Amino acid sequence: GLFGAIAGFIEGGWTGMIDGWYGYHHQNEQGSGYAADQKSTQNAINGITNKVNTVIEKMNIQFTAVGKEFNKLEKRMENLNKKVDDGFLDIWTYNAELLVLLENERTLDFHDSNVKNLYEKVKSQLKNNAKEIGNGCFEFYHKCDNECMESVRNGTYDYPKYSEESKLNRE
């Protein structure tokens, strides 16, 4: 993927995270678990709803379109009507299949970027209070209980509150 996260340095997805597209797995002394990041999931849902609805809006509505009849001395006109019908059909088939191919490629890159942005957001909160151990995981240099975990998940992690304990463990 273009942004290196999905099927990249985060090798796989989580069947255990059932309630959003992107999120967190935590492990501390109180235990372990999955939580979806509600905000990044919802932003992506807003974007893709709008993308689907754009395709819908741009196609509009096909009004009544029926065959036409020509007598035996109207062959040229018959063939011209058929050339018109076939021509338009070629073009709309082409536009439809291509629009979907190209938008599918962009939709997957979009998710890849969202996951990457989420990772960088956490990394930026934690600074040197945690170690990047790859596969998208951080190893805290301090005890991070459920309340601390939640503060990471919702963007209020208190870096100075734990810097000293972290510096010592990082030695």
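So that there is no doubt, residue numbering starts at 1 and follows the sequence shown. Rigid core here is just the name for the largest C-alpha set that superposes within 1.5 Å across the two forms.
- Relative to the displayed structure, the C-alphas of 52 to 60 lie farther away on average in 8 other deposited structures of this protein than those of the other candidate, with 52 to 60 and 116 to 124 compared after rigid core superposition.
- The question of which stretch, 102 to 110 or 28 to 36, has the higher mean Cα B factor is settled in favour of 28 to 36.
- Comparing 136 to 144 with 60 to 68, the stretch with the higher mean C-alpha B-factor in the PDB entry is 60 to 68.
- Of the candidates 16, 12, 160, 20, the PDB record gives 160 the highest C-alpha temperature factor.
- Annotation for residue 6: C-alpha temperature factor in the lowest third relative to the rest of the modelled chain, per the entry.
- Sort the modelled residues of the chain by CA B factor and residue 53 lands in the lowest third.
- Among the modelled residues of the chain, residue 117 sits in the lowest third by CA temperature factor in this PDB entry.
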